[PDB]
Amino acid sequence: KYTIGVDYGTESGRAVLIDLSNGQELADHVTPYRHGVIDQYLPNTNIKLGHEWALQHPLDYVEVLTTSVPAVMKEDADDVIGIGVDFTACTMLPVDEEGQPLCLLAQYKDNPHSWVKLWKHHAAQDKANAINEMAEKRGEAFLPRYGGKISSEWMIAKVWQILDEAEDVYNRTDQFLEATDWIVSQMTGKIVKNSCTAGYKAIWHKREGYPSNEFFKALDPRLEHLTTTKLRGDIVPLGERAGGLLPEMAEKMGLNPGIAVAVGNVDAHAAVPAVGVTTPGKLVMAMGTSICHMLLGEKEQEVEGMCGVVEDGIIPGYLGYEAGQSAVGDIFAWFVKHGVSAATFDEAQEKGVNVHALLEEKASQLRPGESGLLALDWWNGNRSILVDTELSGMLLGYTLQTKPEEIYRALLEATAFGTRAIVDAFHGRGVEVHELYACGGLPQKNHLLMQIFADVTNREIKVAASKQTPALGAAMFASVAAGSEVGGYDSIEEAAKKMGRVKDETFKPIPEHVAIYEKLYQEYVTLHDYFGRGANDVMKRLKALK
Amino acid sequence: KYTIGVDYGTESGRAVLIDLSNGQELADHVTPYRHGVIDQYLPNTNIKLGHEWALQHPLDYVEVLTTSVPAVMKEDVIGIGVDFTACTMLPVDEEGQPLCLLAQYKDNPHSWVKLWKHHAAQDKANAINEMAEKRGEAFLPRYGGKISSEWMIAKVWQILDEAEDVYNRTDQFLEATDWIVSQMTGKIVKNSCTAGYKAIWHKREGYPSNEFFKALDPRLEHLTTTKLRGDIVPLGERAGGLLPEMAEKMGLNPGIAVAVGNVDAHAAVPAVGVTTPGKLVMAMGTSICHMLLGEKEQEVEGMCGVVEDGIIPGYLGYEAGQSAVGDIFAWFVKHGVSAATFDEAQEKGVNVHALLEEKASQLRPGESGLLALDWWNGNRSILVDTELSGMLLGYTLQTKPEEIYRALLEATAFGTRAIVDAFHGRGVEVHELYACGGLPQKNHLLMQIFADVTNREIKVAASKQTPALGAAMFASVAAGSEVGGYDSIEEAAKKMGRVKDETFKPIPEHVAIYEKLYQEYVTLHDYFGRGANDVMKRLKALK
Ligand SMILES: O=C(CO)[C@@H](O)[C@@H](O)CO
C-alpha cells in the first residue's frame, strides 16, 4: 500500500512512491524541465527578458507527471491509494476560464507576463515596496504577521506587476494560480486552493480572510475586488481531498482513475510532517543555502521578524510559523571561493580530500572559544528578527596567527548564533522550542555544524533520515486525503507516527560546550543589537558608498 | 670625504660607505650574526630559554665591524657611526666586557644580551606602571602611560628578581649601540636617544628619583647611579677616537671620529632630510615608527615617548608607533588570500602581493564597502593596549580578495591618521609626511591612500640604506667641519638628506571619501577600545 509524492523543484520535478506503513520510498524518477528556468529568452524567441526575471513553462510540470509517475510505477499496481505534490512556493501563473495558462494561447504566447513566474523572480521589488508602504501608512493588521515585509517573490506584488506592466494580460486572466494548486487542478479538473500558499504567499488569514477590499483599492482602484475575482476561491487546509484523479490523466500516469489527490503542498512546509513533527515545541530547520525555520503553536503571536504565521498553514489544527535566516550555506560557499588560502587547498588535495571536508576536520579539533573569533552571520543581510537587507557581515578577533580553519569555525558558530536569535525570539513569546529537527543536505555533509548548533541552542537535534523529505511530506498528505476507509489515514499525526523518518543518531548538547557558547552568544547578541537596532548604522552607510 | 655608517639589525649588521658631499651610498657589505637570534636553546646546550625569551651574542656585533667594514673598503674616511635595534642591552664588568663571555656565567641566560624582542619581562613592566601610577610619577605621561617590557628598567628588574647573582656581579648595564661604540674607542659614553626612549631618562629632570626605584625594590635604589650610572650625551657628539688595534683590524686610520651610538628608526629622520618641526617621519615596514620634532614638550595621548635631543639636538623628539602594518598584509597573503588569486598571480608570473596591489589599485575609496580596525597585533599608539584584536566589517556574498586587501591597506592609513591627529591639534603640528622602509618602495597604492587619508603630501626616502645614512651623517657631525664633516646635523642634512623627487600628493575627491570612512573608523576604534564594549578582551580570555 503506497502513495506518490511529486516534489517539484526549481530545475526538475521528481516522483517517489512511498510505502504507507514505514515511509520508505522504493522508487523515484526525476524528470527535468526541458525549458528549465526562463531567465534569458522566451522559449525559442529573441524577446529578451528584463533584469531579475525568472519564468517557467507550465507544460514541463504536467510532463513530470506523464513521465516520472509512469516510470516509478514500472519499478506495484492498484495499491497506490493516492498522490500529492509539493512545489516551490509562489510560482504563480495566470489562467483562463477553463483553467489553462495564458502562455499557451495564440495571442499571449509572446508577452512575457503571460508565463509562469518562478519564486526566484524578483523583478517586482518596487511593488512589494509599495504594498509594505501602504500597509504601514494604513496600519493594516496583516503587516506584523509577516514581520513587516511582504516579499517581491510573493503573490500580490507579482500580480500588481502584471496589472501595471501588462494590463491586457491582467484582464485576460480569469484567475491567478499558485503552481502547486494549478498542478493538482490538472489531475483533478477542479480549482481548489490550499492553505499553505494562500497563507504564507497571498496575505491570507483563516479568521480575517484576505486584506480589505479597500486596502487593494488604495493600491490601484482596479485592484479592488481582486480577492473576489482574479484571486477568488475557498482556502482549504492541507491534507484535504482536492478531488479525484481524472481518468484521462490516470491513463497517462499508470494509476487508477478517481484515487485521492491532496491539495497542493509547499516544498519547505511539506518537510515538517516528513520529519515526524505534528505537534508544538519542535522547530524544523530546512538547512541549505539558507535556513527556513518552521514551528507549530497553539496560539497566534506576532514574533519579531518572522516570515509568516497561518492557521492550518503547516499542520491542520495549529498555527504555523515560518522564519528565515538569510545566509548560512552560502557563507561557507563564499569563504571557500574567496577566503581560504591555497595552502589549505594543497593540504586537502595532498590527502585526497575536498577542502570543505578538510576545513571541517581541522576546525573540529578546536575547542569552542579557542579561535578567539566572533562573527555576525550577515553576509547577505538579515530576514528573521531584524528584517533588514541593509546589513553586512563582520569578523572579529583577528591576530597575526588566525588560521583558515579558525575563521571557518567562526562562520559555523555565527550561523548557529543566528539560529538561536530566532529560536529565542519564538520561545520568549510563548511559541516554545524544546527540540530541533534538521532536514536538507547540510545536516548530512556537515556534522560539526549540527553539534555547534546543538551546543549553542542547548537543545537536542534530530536529522531527517529520508532521502526526499519534501516528497515524503506530499506522500503523507496524499494518504490523509485518501482516508482510513481506503488504506490511507484520517489525520496527518497518525500518518506521521508510521511514516515520519529521523535518523536514530541525534546530536546532543555537551554541557561544557553549551557553557562556552552561552558566553560567546551574549557577545553576539550585543553586537547584533549595536550594529542592527540603531546605535550605529555604519553598515548601511558603507553600502551607500559602495 | 666619507664616513661609514653601520646598521645593526635583528639578524645582521651592515656597513655602508657614503659620500659626505651628497650622502650617496657607494659600497656596502652585510655580515649575518653568527649565532643569529638566541631564543630556544642557549648556544649549544640544553638550556631551554622557555617563555618569550630572546637573547643575542655580543661578539656577533664586533664580528660585523671586523668583516663588513674591511669588505666595504676593498670593494680617507673621517669617522664612523652605528645605528642599532632599540633596547638590546647586556650586563658588563668593570672592563666593559659582557658577563656571558665569563666562563662561570655563560650558562645563566641572564648574563646575555637581552634583545628588544625579549618580552619575558612583562610583569616587571606591569609593576613599573602600577607603581608609577600609584605614585603619580610625572614620567609616566611622557611615555604614553605605559612603559614597555622591551625597555631597560623591566629588563634590569627581571635580572635582579630572578638572577640576583648576575645583578650583583654586573658592573654596568649597557645598550648594544653604546657598547659596540665602546669597543671601538675604549670609552663608555651613553647616548640621549636610547637613554630617553628606554631607561626613562629626561634631559631637564634626569632619571626618576631613587625613592621610586627603591619603591620597586630596595635593592634598586641607586640603580641610576651604579649599574646605569653615566653622563648622557646628545646624538652627533664625538664618543671618542677609534682605538689603535681596532683600526688596523678594521682597515681604517686610528683616531678617527666615532660618534655616540644611534637607533635604527630615529637615525632615519636626518637621513630623509628632516631636521625641524612640522614634518613627521615614518619608518614603514613590518610595523611603523612615527617620529616628530617639536620645541615645547606636549603631552600626547599614546606616544611611545618624547625626549629632548632624542632625535635631533635642540628639539624634543616624539615617537609613536603602529603595532602591525606590513605584518597584516603578510598575514593576509599566508592565511587569507584564496588559491584562485594565487593561481592568477602564477599564470601572470608575478608576486601575489603585486597582483593584489594592482587589483586593489583599480577600486575607488569606498568601493569595497569594507572597513577594518588594524589591531591584529593590538595597538601601540594613542591607545597603548596590547589586549585588542582585529576586525573586518562589510562582508557580502560578493566580497573579493583584493577588496579586503584594500580595506587592510586603508585600515593602516586610518591608524596613522589617528596618530598624526593626536600630535596635531595638540600643538605638535604635522604639515608633511616622510616615509622610509620597504613599503614605500614596495607598495605605491598604500602610499597614495596614506596621502589621501591624512591629507598631507608625502615625500619618500631616496637612499637604499636610510638608517645607515643617518648613522653616517652623525659620524660626520662628530668629526667637525675642520677635517671634512659638519658642525651640526642640520648642515650635514642640507646635503646628505636624500628624498625622491617624486612625491605622493592627496587627491581631493579621495580625501573627501576617506574623511567619511575615517569617522566610521573612529567610532569603532572608540567603541571597541575606549570602554563601551570590551568584547575583545573577554574573547581573548576564552582563548
Ligand atoms: O516558499 C519557499 C520558502 O518558504 C519555497 O518556494 C523555497 O523553495 C524557495 O527557495
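Below, read A as the first sequence line, B as the second, and so on, with proteins coming before strands; counting in each chain starts at 1.
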Pair A:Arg541 + B:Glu520: basic N to acidic O under 4.0 Å: yes

So the side chain to side chain donor-acceptor pair (under 3.5 Å) pairs with at least one residue in residues 378-390 of chain A (sequence neighbours excluded) are none

Residues A:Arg533, A:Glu304: salt bridge by 4.0 Å N-O rule: yes

Should the pair A:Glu208-A:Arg145 be classified as a salt bridge under the 4.0 Å nitrogen-to-oxygen rule? yes

Validation row: A:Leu223, A:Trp160 side chains within 4.5 angstrom (heavy atoms): yes

SB check A:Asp174 A:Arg232 (cutoff 4.0 Å): yes

Heavy-atom check, side chain of A:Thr180 versus side chain of A:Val85, under 4.5 Å: yes

Is there side-chain contact between A:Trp334 and A:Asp330, with at least one heavy-atom pair below 4.5 Å? no

Does the pair A:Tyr530 and B:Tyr527 meet the rule for a ring pair (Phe, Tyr, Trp, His ring centres under 6.0 Å), with working shown? CA-CA 10 Å; A:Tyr530 176 70; B:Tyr527 177 71; 3.7 Å; yes

Salt-bridged, A:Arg172 to A:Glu97, with N to O below 4.0 Å? yes

Does any N or O in the side chain of A:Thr188 come within less than 3.5 Å of the main-chain N or O of A:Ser185, such that one atom is a donor and the other an acceptor? no

Excluding sequence neighbours, so at least two apart, what forms side chain to side chain contact (heavy atoms under 4.5 Å, CB included) with A:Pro443? A:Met287, A:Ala438, A:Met450, A:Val463

Among A:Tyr61, A:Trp119, A:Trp182, exactly one meets ring pair (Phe, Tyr, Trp, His ring centres under 6.0 Å) together with A:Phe87. Which residue is that? A:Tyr61

Side chain to side chain donor-acceptor pair (under 3.5 Å) pairs, two or more places apart, involving residues 272-284 of chain A: A:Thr278-A:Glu493, A:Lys282-A:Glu435, A:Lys282-A:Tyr437

May I ask you to say whether A:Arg420 pairs ionically with A:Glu518, meaning some side-chain N is under 4.0 Å from a carboxylate O? yes

Strictly distance-based, threshold 3.5 Å: is any side-chain N or O of A:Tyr33 a donor or acceptor partner for the main-chain N or O of A:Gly9? yes

Less than 4.5 Å apart, any side-chain heavy atom of A:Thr197 and any of A:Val266? yes

